[PDB]
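The structure's right below; bear with me while I get my questions together.
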Amino acid sequence: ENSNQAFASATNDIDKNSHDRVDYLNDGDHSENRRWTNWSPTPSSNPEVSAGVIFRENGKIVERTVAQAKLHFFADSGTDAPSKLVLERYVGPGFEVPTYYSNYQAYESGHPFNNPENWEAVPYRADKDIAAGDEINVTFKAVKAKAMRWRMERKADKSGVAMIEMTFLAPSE
Ligand SMILES: [Ca+2]
């Protein structure tokens, strides 16, 4: 499509039996049955997974100013909200949307998204506990970026992170 593009370091969308999709992160829909997850039957010992949005309009990547975010997590037997949550803004070189935008780590490791030095932490405040259920609202000092992400860690007793929606928004006003 020609609008914002959701992306993730990893996604459970490889197995033909899976219905998880990274594109469900920014579709406006809050159905529990349309989620992104990085669930695996054999999870990595590194609990980290990142998911984010590349800002686009009329098919071209654009810079936006953002100061607010929304997060909607999901949980079930395998997945949950994360134990740790870092907001980051892209500060790397110019880029295009990854071909493997749901699995850049495994399938497009040369993409600049895969280099941690291309992401800068953004301090933030959330309105409630980081848990599955209600939408969580987040504020931060306004930054300019072409892409934002959340660098997350799964819980130790879970096999992945699950999300129903992720949004970034312009400052108040
Ligand atoms: Ca959604």
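Name the one entry in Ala81, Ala69, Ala10 that is more than 16 Å from the ligand (Cβ to nearest atom), within 13 Å of the chain's Cα centre (by Cα) and surrounded by 17 or more Cβ atoms within 10 Å (Cβ to Cβ).
Selected residue: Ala10, the only one of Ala81, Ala69, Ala10 that is more than 16 Å from the ligand (Cβ to nearest atom), within 13 Å of the chain's Cα centre (by Cα) and surrounded by 17 or more Cβ atoms within 10 Å (Cβ to Cβ).
Return a yes/no flag: does region 15-30 have any residue that is touching a strand residue (DSSP E or B) at 6+ places or on another chain (Cβ under 7 Å), assigned to a strand (DSSP E or B), under 22 Å from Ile136 (Cα atoms) and within 15 Å of the ligand (Cβ to nearest atom). Talk me through it step by step, then tell me what you get.
Taking region 15-30 first, the residues touching a strand residue (DSSP E or B) at 6+ places or on another chain (Cβ under 7 Å) are 20-26, 30.
Pick out the ones that are also assigned to a strand (DSSP E or B) and you get none.
No: region 15-30 contains no residue that is touching a strand residue (DSSP E or B) at 6+ places or on another chain (Cβ under 7 Å), assigned to a strand (DSSP E or B), under 22 Å from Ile136 (Cα atoms) and within 15 Å of the ligand (Cβ to nearest atom).
Just need a number here: residues in region 117-173 that are within 16 Å of the ligand (Cβ to nearest atom), aliphatic (A, V, I, L, M) and in a strand (DSSP E or B).
7
Please state which of the following conditions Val86 fails to meet, knowing it meets all the rest: (1) more than 16 Å from the ligand (Cβ to nearest atom); (2) assigned to a loop (DSSP other than H, G, I, E, B); (3) of a type in the set (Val, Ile, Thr).
For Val86, the failing item is (2).
For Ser18, which of the numbered conditions (1) at negative phi; (2) touching a residue at least 60 places away in the same chain (Cβ under 8 Å) fails to hold?
For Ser18, the exception is condition (2).
Filter region 31-42 for residues that are farther than 15 Å from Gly52 by Cβ and in contact with a helix residue (DSSP H, G or I) (Cβ under 9 Å, 6 or more places away or on another chain); which is nearest to the ligand (Cβ to nearest atom)?
Checked region 31-42; the qualifying residue nearest to the ligand (Cβ to nearest atom) is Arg34.
Would it be correct to say that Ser3 is touching a strand residue (DSSP E or B) at 6+ places or on another chain (Cβ under 8 Å), in a loop (DSSP other than H, G, I, E, B) and under 15 Å from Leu169 (Cα atoms)?
When the stated conditions are applied, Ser3 passes them.
Looking at (1) more than 16 Å from the ligand (Cβ to nearest atom); (2) part of a loop (DSSP other than H, G, I, E, B); (3) among the polar types (S, T, N, Q); (4) surrounded by 13 or more Cβ atoms within 10 Å (Cβ to Cβ), which is the only condition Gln105 fails?
Just one mismatch for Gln105, condition (2).
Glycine also receives a Cβ, built like all others from the backbone with ideal geometry; neighbour counts cover every protein chain displayed. Every number in this text was worked out from the coordinates using simple rules, so none of it is lab data.
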